[PDB]
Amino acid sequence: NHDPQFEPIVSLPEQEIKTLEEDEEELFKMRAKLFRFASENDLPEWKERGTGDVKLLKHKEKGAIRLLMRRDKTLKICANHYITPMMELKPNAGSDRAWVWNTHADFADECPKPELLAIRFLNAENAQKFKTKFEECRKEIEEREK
């Protein structure tokens, strides 16, 4: 109809949720599409994991830097892991706007899980802006410990 009317089933107070990204930083932010890779399928394939803004964040209280991405409209997290020393961005076959890497512990599902990601950008020039930024963040982190 124009607007069906119903009586609420519950009453919930207005609430203020934290992003848990306030002690943030935010070195990089940019629109992109993320891909998860196959699994125990034995049929190596790239499944979409989300489309949205990727962001690099370094902690102020510490030195830790991580990758964090959220899906459009729904705002669910689709990638959240630290950037370790032994982590790069090897290109993906053809293309010029796609990078692929590994992570021993993504926490998108708030459950520790190894992941073999891959992210694409609109222009190959953006892929570079992200790649360059990623490289240095990885560098700074390499220095960090000892």
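Numbers for residues come from their place in the sequence shown, where the first is 1.
**Q** Can you tell me which stretch has the higher mean Cα B-factor, 85 to 93 or 31 to 39?
**A** It is 85 to 93.
**Q** Averaging only over Cα atoms, indicate whether 40 to 48 or 99 to 107 has the higher B-factor in the PDB entry.
**A** Stretch with the greater average CA B-factor: 40 to 48.
**Q** Going by the deposited entry, which of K60, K55, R120, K113 has the highest CA temperature factor?
**A** By C-alpha B-factor in the record, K60 ranks first.
**Q** Classify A124 as lowest, middle or highest third according to the C-alpha B-factor given in the PDB entry, relative to its own chain.
**A** CA B-factor rank for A124: highest third.
**Q** Would you please rank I17 by its C-alpha temperature factor against the other modelled residues of its chain and give the third it falls in: lowest, middle or highest?
**A** Answer is middle: the recorded C-alpha B-factor places it there.
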